[PDB]
Every structure is written in structure tokens, then in C-alpha cells.
Amino acid sequence: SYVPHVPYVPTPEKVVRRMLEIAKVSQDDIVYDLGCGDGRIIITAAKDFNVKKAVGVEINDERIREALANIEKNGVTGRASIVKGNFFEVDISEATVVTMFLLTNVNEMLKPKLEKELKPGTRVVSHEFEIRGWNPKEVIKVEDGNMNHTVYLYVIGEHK
Ligand SMILES: Nc1ncnc2c1ncn2[C@@H]1O[C@H](CSCC[C@H](N)C(=O)O)[C@@H](O)[C@H]1O
Ligand SMILES: [Mg+2]
């Protein structure tokens, strides 16, 4: 379709693990990755963090096939799934943890949806990009070799 430009660029695995640690993801959680790419975040959530449910939303068909293929080869089909669609339109209200690696302007556009649909205490973790106008509970630097990454953690209902 015709959604704001957000190309496929994945979060490095070390940053993926740190985003989930920072949000304190556990078995009780329901993790949504908005724009899931190859599915690495929801697969790590299910496989390493034992989450009861992980859902990736993805609009690109080639990416959906890779993600579904990755879910199968990791054996997590029970708990991890993909929703084909525009993340702007898909209901994310069941999420207890939402992960994002998008763009600051796309973060901006998502602000009404996040506030509308997410319950208080929902944690939202963003790789690299700020949610402008919100106050993060934490801002963390993650070193992956000689690369530095910033991770933002917000908590719905304590973000303003
Ligand atoms: N409006 C939209 N709805 C669903 N997916 C989208 C989207 N806009 C971009 N995407 C997808 O979101 C992905 C962003 S790349 C980030 C992938 C993953 N969250 C990670 O951190 O590794 C791309 O695969 C792109 O196809
Ligand atoms: Mg980065």
C-alpha cells in the first residue's frame, strides 16, 4: 500500500534482547512488534522470554514469508504469529508490551493510536527513535561492538 516510508532495516539481535529486558518482558506478557520485519523480536520474545503471546504486524509480503518461516524453524507457532496488515489499522489493544523500530515521524503519527488503544501500564519500547512530546521512563545506551544504540522506554499513563 501507501503508508509512510519505513523500509526494512532490522534491529541487531543484541539490541532486541536489551529492548525486551528493559521492558521487563516475561511469561505473563503479550508482545506486539509494529512492523515486525523478519520476526526477530516476537521470536526472541517467545523463545527466550517465554511470553504467552507475541504478535508481529507486517505489511510487506516478502517480509511476512520470512517471518513465518523463521517462526516455524524456531518451533514457536503456538505462541508467535503474524498479522498481515497496516499497523495503523490493526487493533493492538491486547498488548502489554509494544516494540517499535520505525522513524521519529512515524512515531509521531502513531501517538494517537498508542494512546487510544493501549491500557495504562503498557510498556512501549522504541529503538533509536524518540516518541516526541512523551517523557520516557528510561533512556538506555546499548553497545554492540563499536556501534551505539539508544533505547527509549515509555509507560502508558505515565508518559505525559
Ligand atoms: N505501516 C506499516 N504496517 C506494517 N508494517 C510496516 C509498515 N510500515 C513499515 N512496515 C514494516 O516495518 C518493518 C520495519 S524494519 C523493523 C523490523 C523489526 N521491528 C526490527 O526491529 O527488527 C519493515 O519490515 C516494513 O516492511
Ligand atoms: Mg540502532
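We count residues from 1, following the sequence as given. Just so it is clear, the values below take in all heavy atoms, side chains as well, and ignore hydrogens, waters and symmetry mates. Read the numbers this way: they start at 1 and go in the same order the structure lists the ligands and their atoms.
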_Check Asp29 with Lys24, please: is the shortest side-chain N to carboxylate O separation under 4.0 Å?_
no

If we number the atoms of ligand 1 from 1 as shown, the ones under 4.0 Å from a heavy atom of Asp33 are 18 (C), 19 (N)

Closest to atom 17 (C) of ligand 1 (heavy atoms only, candidates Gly56, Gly35, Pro10) is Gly35

re atom 22 (O) of ligand 1, the protein heavy-atom contact at minimum distance is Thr11 N, 2.9 Å

* Any donor and acceptor pair, going by atom type alone, linking the side chain of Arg132 with main-chain N or O of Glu108 inside 3.5 Å? -> no

* **Beyond-backbone contact of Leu153 with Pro136, side-chain heavy atoms, under 4.5 angstrom** => no

At under 4.0 Å between heavy atoms, what of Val6 touches ligand 1? The answer is both

key: pair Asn107-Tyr152: side-chain heavy atoms closer than 4.5 Å   = no

Q | side-chain hydrogen bond (donor to acceptor under 3.5 Å, both in side chains) between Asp28 and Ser26, worked out | A | CA-CA 6 Å; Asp28 289 335; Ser26 53; 5.0 Å; no

Checking distances from the Mg ion (ligand 2), one finds that the N, O or S atom of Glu128 closest to it is OE1

A student checking ligand 1 against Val3 at a 4.0 Å heavy-atom cut-off should list atoms 1 (N)

Atom 3 (N) of ligand 1 sits nearest the protein heavy atom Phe87 N, 2.9 Å

Which word best sums up how the rings of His159 and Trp134 line up, parallel for under 30°, tilted for 30 to 60°, or perpendicular for over 60°?
tilted

A student checking ligand 1 against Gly37 at a 4.0 Å heavy-atom cut-off should list atoms 17 (C), 24 (O)

Any link between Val125 and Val9 through a network of hydrophobic side chains (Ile, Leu, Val, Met, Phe, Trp, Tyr) touching at under 4.5 Å? no

Nearest heavy atom to atom 26 (O) of ligand 1, choosing from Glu58, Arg40, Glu66, belongs to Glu58

Does some side-chain heavy atom of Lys113 sit less than 4.5 Å from a side-chain heavy atom of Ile92? yes

query = Hey, is ligand 1 close enough to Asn86 that some N/O pair sits below 3.5 Å?
reply = yes

Logged contact type for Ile41 with ligand 1, heavy-atom cut-off 4.0 Å, is side chain

For the Mg ion (ligand 2), the nearest N/O/S atom on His149 is atom ND1

Ligand 1 atoms nearer than 4.0 angstrom to some heavy atom of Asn60 are 26 (O)

Under 4.0 Å from one or more heavy atoms of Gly85, ligand 1 contributes atoms 3 (N), 4 (C)

If we number the atoms of ligand 1 from 1 as shown, the ones under 4.0 Å from a heavy atom of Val9 are 15 (S), 16 (C)

Within-4.5 Å side-chain heavy-atom neighbours: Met147 and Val15: no

Checklist entry - Are the side chain of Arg18 and the backbone of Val142 linked by a donor-acceptor contact shorter than 3.5 Å? => result no

